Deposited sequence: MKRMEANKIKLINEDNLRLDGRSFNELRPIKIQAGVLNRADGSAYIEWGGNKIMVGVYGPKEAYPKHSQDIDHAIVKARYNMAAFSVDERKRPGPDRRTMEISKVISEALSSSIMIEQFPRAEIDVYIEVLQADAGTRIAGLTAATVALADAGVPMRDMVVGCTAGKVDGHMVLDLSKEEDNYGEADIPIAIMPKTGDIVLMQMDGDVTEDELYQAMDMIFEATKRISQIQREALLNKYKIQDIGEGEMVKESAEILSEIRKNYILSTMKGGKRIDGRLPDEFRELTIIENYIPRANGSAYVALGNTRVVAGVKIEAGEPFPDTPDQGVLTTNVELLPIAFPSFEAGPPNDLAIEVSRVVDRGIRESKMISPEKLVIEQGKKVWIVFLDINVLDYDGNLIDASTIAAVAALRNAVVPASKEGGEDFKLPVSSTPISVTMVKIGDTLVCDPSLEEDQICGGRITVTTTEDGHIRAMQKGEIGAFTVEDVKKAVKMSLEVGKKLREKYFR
């Protein structure tokens, strides 16, 4: 019925209680280093190769080594058989774990080198990315790769009003929030952080403290496993660039919006069509998001162009729309369990001048407000698509000692490390995403949360 009954969880744990965690180094013969980890229902093998010369020589870098973490899921690792090979989700995980490890590995010691980290999840519970990352640290040590700290992390979240630790798959699927965080323990700087769902500033700060406390026991399992006042433009730090929104830019779609954010220009388009719902969720419609980093937008684009970035943007934008519950996907049922409304949100980037995530969010929100779902084709009165909230994403980076928001492209590259905080008009936080190589202090993340709430308020009323 409920996930907690006696203040006791469906598997019997207290609120801040870890699942069983085991770690086992050296298990593999070929890998320079390796680690096997069991974390609740998670079984993950990690192998480490390198450092070695970078292949292909295209990707090579003369300053430092490149950390190529690859996250792969066995076909038999999830509920239903899944086709082998990467998908959008495993590439984003591979990117976000690569970036984290790039902060702890001493990449500068190995110019032109590559360090391969292979994360093979054999059976997945929830929190696989953090278990993989926690075991990668042990694998890298098992291989003798030099590091300046040992990355470790944990999840937390909200389940039936309670903040809990190390969520299960069911708590992830049906709970109110999920918050993966990895840190460098010596300093406590955050090298991985994401957040899905619905949470208050106070709840987010509590979940963080629970995670930070949890890593003390987890860092120990790792060790014993081895023992065996203005910007360059006029803008102030809280100031966005000029915006121009043009709704119904593509009248032949169901909804759309052209957005310019400074010199960053995207147009979002919404195509709503009848389709078959999920066999899991039969009384909910579908929202699928995609953001195209068109070669037209940047000179370097079609070098790389990177898809990693385009996939990351698409997920962070989708996450904000989804977790804000903007769409109200229950009102989009045509024939319960046979026909629902598929809401395609496609965003084409035509000009890139920084802050693609926020510009895309603004476009998405605006385009979803020309709602006009065509109900007249499957019966009907054409009705406006229910809009229940206004999620604003705010993206933030650190220039020197001062946090700014809406970075230009110039600011976007000067400092490694960005953080996106999406909020709704109730002052709840719905999604977060730490990006790029670089760490943030807890204070930075706290200032980020406050700044994003403040400037999102201003944003929402002005547009």
No C-alpha positions exist for deposited residues 1 to 9, 238 to 271, 507 to 508
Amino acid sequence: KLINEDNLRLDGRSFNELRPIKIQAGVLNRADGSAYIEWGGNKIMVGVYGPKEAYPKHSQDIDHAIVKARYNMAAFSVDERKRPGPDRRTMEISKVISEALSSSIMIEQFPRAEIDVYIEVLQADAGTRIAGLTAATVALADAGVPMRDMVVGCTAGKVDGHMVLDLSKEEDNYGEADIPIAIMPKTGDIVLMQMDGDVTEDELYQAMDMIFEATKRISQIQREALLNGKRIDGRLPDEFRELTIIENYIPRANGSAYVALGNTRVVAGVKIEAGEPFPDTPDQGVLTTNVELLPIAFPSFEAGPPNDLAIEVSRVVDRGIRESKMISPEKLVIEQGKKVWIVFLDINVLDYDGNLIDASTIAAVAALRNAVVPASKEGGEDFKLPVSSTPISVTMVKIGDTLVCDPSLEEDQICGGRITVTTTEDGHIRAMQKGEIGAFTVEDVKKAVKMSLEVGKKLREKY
From here on, numbers count along this sequence of modelled residues.
Higher mean Cα B-factor in the deposited model: 296 to 304 or 77 to 85?
-> 296 to 304
Of 278 to 286 and 215 to 223, the stretch with the higher mean C-alpha B-factor in the deposited entry is 278 to 286
Using the entry's values, work out which of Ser59, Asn42, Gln433, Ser34 has the largest Cα B factor.
-> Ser59
Per the entry, which of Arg252, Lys325, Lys95, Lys186 tops the list for Cα B factor?
-> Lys325
Going by what the PDB entry lists, where does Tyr118 fall on CA B-factor within its chain: lowest, middle or highest third?
-> lowest
C-alpha B factor of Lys22, ranked within the chain: lowest, middle or highest third?
-> middle
Would the CA B-factor of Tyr71 place it in the lowest, middle or highest third of its chain?
-> lowest
Classify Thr420 as lowest, middle or highest third according to the C-alpha B-factor given in the PDB entry, relative to its own chain.
-> lowest
Lowest, middle or highest third: where is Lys447 by C-alpha B factor in its chain?
-> lowest
